[PDB]
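>>> first piece of the complex, coordinates kept as in the full assembly:
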Amino acid sequence: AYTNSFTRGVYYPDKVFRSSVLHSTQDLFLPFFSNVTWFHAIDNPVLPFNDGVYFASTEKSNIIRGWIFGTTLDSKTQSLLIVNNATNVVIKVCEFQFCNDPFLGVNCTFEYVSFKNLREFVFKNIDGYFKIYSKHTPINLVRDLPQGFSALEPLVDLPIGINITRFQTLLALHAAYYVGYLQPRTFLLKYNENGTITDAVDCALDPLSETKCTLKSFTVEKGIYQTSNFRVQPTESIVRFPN
Amino acid sequence: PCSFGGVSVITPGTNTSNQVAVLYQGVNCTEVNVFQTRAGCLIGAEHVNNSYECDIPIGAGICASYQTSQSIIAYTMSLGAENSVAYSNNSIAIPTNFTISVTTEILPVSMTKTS
Amino acid sequence: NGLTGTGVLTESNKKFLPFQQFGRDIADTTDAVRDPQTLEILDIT
Amino acid sequence: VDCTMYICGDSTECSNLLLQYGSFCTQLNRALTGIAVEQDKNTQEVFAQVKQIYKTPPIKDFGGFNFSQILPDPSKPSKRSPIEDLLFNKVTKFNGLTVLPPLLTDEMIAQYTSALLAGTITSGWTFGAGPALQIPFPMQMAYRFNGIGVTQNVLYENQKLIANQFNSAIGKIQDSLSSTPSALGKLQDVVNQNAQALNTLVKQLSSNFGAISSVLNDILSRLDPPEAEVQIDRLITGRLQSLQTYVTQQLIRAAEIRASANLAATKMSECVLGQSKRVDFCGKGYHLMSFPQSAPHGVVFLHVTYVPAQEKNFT
């Protein structure tokens, strides 16, 4: 059930340089059982969304060339609308005369004025700012992105979080989609000093992962353990109370 | 009132394998592969005629182990082989040869000091 | 900012790759912050 | 015990407001696991001293020694001695609490003790360190008597009277154990202590813990913030300090219980597996034999003694 941007989909909540240490964080992530087919318009376009790709295979691209779309296929929301001069951009919920069918030719600030290069984006509207993350490696095969174990190391950024649409890590240079099946839980990281690190782990694939997160470790030793108490499901209250 | 109970997990070492079973404590399977036992519900285990000593203890007088390859199975406790001797008013046994053995023993002595 | 004290300044070697604002440590405290105004790593213990 | 639901009463409020505290009931559960595993380790240590199971020959011809009162009864459905049955007959959780069953059970405990008894009666002390060797009971008794410092022929010249005395003594000790009502004091004390402890623990809930109200279901989400946090945090001080004394009176209780278990194991290894020269260790007087028996959460011993009774003045 794994077909990759690999166990990326762990974005980095902040720049705090934890190094070579365990820490599990609860944040907004994405659920299980994401399957899809290939159709007709009376092999992967825009995915079930969030910000990028899924969880296991290999690739390296030099492929993408063109665009006329919206990232949510709307362009009323944040499209991949490039009037963005790569130093200043425009992103328009900014209300202009929208055309219901796009075209091609031959205030909404970035400077501050109107991707297998896996630069994550920002439209997390905690009181209205805009930004970008950044990492890089490409797509020439079924799905991919690479392996390691941790988040990376801090130099310059301005972080607030993301709202774009195709669950991540993204697809670019150096019909309907297909994605796999991922369990959302906490994510353990180990930032080695040299910073050669990508991955994490989940807690409820199975009782194996339940022990893995309960013991706060990775090398589970032979034995027997008990996880969180299973309350026998009280579907409804009891008919004992008076009136 | 309704019952409740812990959810227990039985597993071998990670490098050994990754297949895992699950144990439910105090619950009744009628009220929830299935292996109904007094302890509760088990998956992957069977009443197996052959027995061994306890390797991974589970409780309630039953022990489980990674066994037939090796898989999580349940078996009844086994103590050891039986034996008997012939005792008579005019019987006696005597030894003739010997041997030398070496054994070890470990004990803790102390602990660190802090402030 | 807002740190002051009496002591001997110490050198630094910690590296820093593509996304930071300020230095933070594991112990839920502040131990070694690269200089905000000179863009030079500086660790003081 | 079930920390979160026990102390919060299954309150979503309590849930999202109590995350300030942390891992308290986690290390509480750690301690509970420690004591739980210690119990079974102690039991295995005391009752795991023999590697091979033995069994007695079916013919009961032991030179007058009627061991029926201590041997298991095949006719009865439970293979236990009549004195064991007499002992077993004389000797007679919901709001976030649980009780676990023991790892070992009476059936295999009885099997172990029966195997021990059969092995020792069949082969004396020989099997304690090597392969068992058959040897007649009177010759074993002669060895014991030479061990104490008396010439062996005395046993031969009086063996009938000695056997009569032994049978009479066994009958009289059976009568004494049947009559004695005060022997179970320590076990009864332990059981009553545990019962009273759990009783006060559960009864603790009904108190206010100083609360300025008493209705549990209605107020504590009529008004959560400063009447909840205070009621539930004096409740959690009460709870985790009565469990501070719960866990730690249980650990000191387990410390004395484990000292008792260690001394019991030494008693096994010395008095039961052989004969001891230490004065007044395996009972008073002179020590010859040893017969163990099973009890709920306890063990029972038996001893054989030699005593002189008729002196005369001499020069």
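In hand now; what should we look at? Numbers count the residues shown, from 1 in each chain, chains lettered A, B, ... in the order given.
>>> make it CA atoms for all contacts and neighbour counts henceforth
OK.
>>> need the contact list for the closest residue to residue A:104 other than its chain neighbours.
Nearest residue to residue A:104 in three dimensions, chain neighbours excluded: residue A:68, at 7.2 Å (CA to CA, 6 or more residues apart in numbering or on different chains). Applying CA atoms under 8 Å, 6 or more residues apart in numbering or on different chains to residue A:68 gives the contacts A:81, A:102-104.
>>> repeat for residue B:27
Neighbour list for residue B:27: B:3-5, B:39-41 [criterion: CA under 8 Å, 6+ apart].
>>> in a helix, it, correct?
No: Residue B:27 is assigned coil when assessed by DSSP: H, G, I helix; E, B strand; the rest coil, not a helix.
>>> can you give me the helices for the chain?
No chain in the question, so chain A it is. Assigned by DSSP state H, the helices in chain A fall at A:207-214.
>>> chain D is the one I meant
Secondary structure of chain D (DSSP H): helices at D:3-8, D:12-17, D:24-46, D:82-90, D:106-123, D:137-148, D:153-157, D:159-179, D:185-203, D:219-222, D:225-267.
>>> let me have the ones you listed in CSV, extended by distance to residue A:142.
CSV is the format used below for the helices of chain D (distance: least, CA to CA, whole Å):
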stretch, distance to residue A:142
helix D:3-8, 47
helix D:12-17, 43
helix D:24-46, 45
helix D:82-90, 72
helix D:106-123, 61
helix D:137-148, 84
helix D:153-157, 94
helix D:159-179, 83
helix D:185-203, 61
helix D:219-222, 54
helix D:225-267, 54
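>>> so which of these comes closest to residue A:172?
helix D:12-17 (42.2 Å; CA to CA).
>>> can you mark which positions in stretch D:158-171 are buried?
Neighbour-count burial for stretch D:158-171 flags D:166-167, D:170 (criterion: 16 or more other CA atoms under 10 Å in any protein chain shown).
>>> likewise for stretch D:18-28?
Judged by neighbour count (16+ other CA under 10 Å), stretch D:18-28 contains these buried residues: residue D:28.
>>> send the alpha carbons of it over as PDB?
What follows is stretch D:18-28, C-alpha atoms only, in PDB (Å, rounded to 0.1, in the frame of the first residue of the first chain):
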ATOM      1  CA  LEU D  18      -5.500  17.900  32.500                       C
ATOM      2  CA  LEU D  19      -2.700  17.600  29.800                       C
ATOM      3  CA  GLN D  20      -0.700  20.000  31.900                       C
ATOM      4  CA  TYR D  21       0.400  17.400  34.400                       C
ATOM      5  CA  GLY D  22       2.000  14.700  32.200                       C
ATOM      6  CA  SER D  23       3.200  11.100  32.700                       C
ATOM      7  CA  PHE D  24       2.100  10.600  36.300                       C
ATOM      8  CA  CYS D  25      -0.100   7.600  35.800                       C
ATOM      9  CA  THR D  26       2.400   6.300  33.200                       C
ATOM     10  CA  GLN D  27       5.100   5.800  35.800                       C
ATOM     11  CA  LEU D  28       2.300   4.600  38.200                       C
END
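>>> drop chain E onto that structure:
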Amino acid sequence: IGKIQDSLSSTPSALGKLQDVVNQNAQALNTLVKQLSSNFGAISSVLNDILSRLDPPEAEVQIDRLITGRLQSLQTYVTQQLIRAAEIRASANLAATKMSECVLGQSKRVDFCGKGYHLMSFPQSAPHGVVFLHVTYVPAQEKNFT
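Take a look at chain E, now in place beside the chains above:
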């Protein structure tokens, strides 16, 4: 002697007793260090920002909860370390007894030092521990007689 060298070189399961106490103390230290960083209901956990912005009406309750939480946690530092001291002291008493009885002489006690009939004993040193070797005598071959 050769086979005991090989056996000790091979089996790694002996050191569990010492590893247990080492990991126990390390875990206790880590727990007590971690418990500091919590807020216990306080708006902040950094004292400087505390006295700069929020006074001690609720910094007096934050220091109260701090002192009482460390009452339990450091009275239990010393308390499980104290029950541990009781266990280690009983262990040291037993070790000294075994030293004196089974090293400076020969013991007639049954199975007090190894299995069989004890002949020799040599102690060996270990980090926070001790090692013993028991040399016993065991009969091998038997025959029937009358």
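>>> take the buried residues of stretch D:18-28 again, chain E included.
Buried residues in stretch D:18-28, counted by 16+ other CA under 10 Å: D:18, D:28.
>>> pull the distance from it to the chain's centre.
Counting by CA atoms, centre = their mean, to the nearest Å, stretch D:18-28 is centred 35 Å from the centre of its parent chain.
>>> what about residue A:60, how many residues nearby?
By other CA atoms under 10 Å in any protein chain shown, the residues close to residue A:60 number 17.
>>> wait, it touches residue A:142, no?
No: counting by CA atoms under 8 Å, residue A:60 stays clear of residue A:142, with 10.1 Å between them.
>>> how many residues are close by the residue of chain C found nearest chain E?
In chain C, the residue that lies nearest chain E is residue C:28 (7.3 Å; CA to the nearest CA). Residue C:28: 13 surrounding residues under other CA under 10 Å.
>>> nearest residue to residue 78 in space, please, no chain neighbours.
Answering for chain A, as no chain was given. Spatial nearest neighbour of residue A:78, excluding adjacent residues (CA to CA, 6+ apart): residue A:91 at 6.0 Å.
>>> actually, chain B is the one I wanted.
Going by CA to CA, 6+ apart, residue B:78 has residue B:53 as its nearest residue, at 5.1 Å.
>>> measure the one you found to residue B:65 for me?
10 Å (CA to CA, to the nearest Å).
>>> please apply the same query to residue A:238.
Applying CA to CA, the value for residue A:238 to residue B:65 is 41 Å.
>>> who has more neighbours, those two?
More neighbours surround residue B:65 than the other of residue A:238 and residue B:65, with 23 against 9 (other CA under 10 Å).
>>> partners of that one in the sheet?
residue B:73 (DSSP bridges).
>>> check contacts around the residue of chain D found nearest chain A.
Chain A sits closest to residue D:2 of chain D, with a gap of 7.9 Å, by CA to the nearest CA. Residue D:2 makes contact with A:229, D:96-97 under the criterion CA under 8 Å, 6+ apart.
>>> from the residues you listed, list the buried ones, please.
Buried members of these, scored by 16+ other CA under 10 Å, are residue D:96.
>>> make CSV out of the contacts of residue D:2 and add distance to chain B.
Formatted as CSV, those follow (distance: CA to the nearest CA, whole Å):
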residue, distance to chain B
A:229, 4
D:96, 9
D:97, 10
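>>> ok, now which ones touch the residue nearest to residue A:78?
For residue A:91, the contact set (CA under 8 Å, 6+ apart) comprises A:78-79, A:81, A:108-109.
>>> again with residue B:77
B:51-54, B:61-63.
>>> anything in whichever strand in chain A runs longest near chain B?
Among all segments of chain A classified by DSSP state E, the strand with the greatest residue count is strand A:223-226. Yes: using CA under 8 Å from any CA of the partner chain, strand A:223-226 reaches chain B at A:223-226.
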